[PDB]
Amino acid sequence: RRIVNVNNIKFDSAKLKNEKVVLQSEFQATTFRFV
Amino acid sequence: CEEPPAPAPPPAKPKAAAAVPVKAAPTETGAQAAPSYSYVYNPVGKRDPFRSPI
């Protein structure tokens, strides 16, 4: 119910060796205050 | 003492209300910002690379 417009998304597998499933995720989301 | 008001000149407020006012201001002033911001920016790219090198 608030002005968090999510836009450019990314995510990847956080484990170097890849020995267990895990996804680090970085989402960008913005709200629009007045001037 | 001084009375409901005091006497008439008024008295003496030439000391009170001259070592007062104040200086008021009063500072109807220094509140909260919107703020502000610059903007961006300036390209379309050119190709030499990266077409050939990929």
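Cβ sites come from the backbone with ideal geometry, for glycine too, and all protein chains shown count toward neighbours. Coordinate-derived values only; no laboratory data.
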- [ ] Step through the residues of region B:14-20 one at a time and calculate ³J(HN,Hα) from phi using the Karplus curve (6.51 cos²θ - 1.76 cosθ + 1.60, θ = phi - 60°), rounding each to whole Hz and writing x for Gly and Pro.
- [x] x, 9, 3, 7, 8, 8, 6
Task: Per principal axis, descending, Cα span of chain B in whole Å - done: 98, 17, 13
Open item on the list: Can you compute the helix-only [θ] at 222 nm over chain B? Use -39500 (n - 2.57) per DSSP H run of at least 4 residues, normalise by all residues, nearest 500 deg cm²/dmol.
Closed with: -3000 deg cm²/dmol
Task: Distribution of pairwise C-alpha distances over the protein assembly as shown, 5 Å bins, in % - done: 3, 7, 7, 7, 8, 9, 8, 8, 6, 4, 4, 5, 5, 4, 4, 4, 3, 3, 2, 0
- [ ] Work from the charge dipole of chain B (Cβ charges, +1 for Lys and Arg, -1 for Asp and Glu, about the Cα centre) and give the residue of B:37, B:52, B:18 farthest towards its positive end.
- [x] B:52
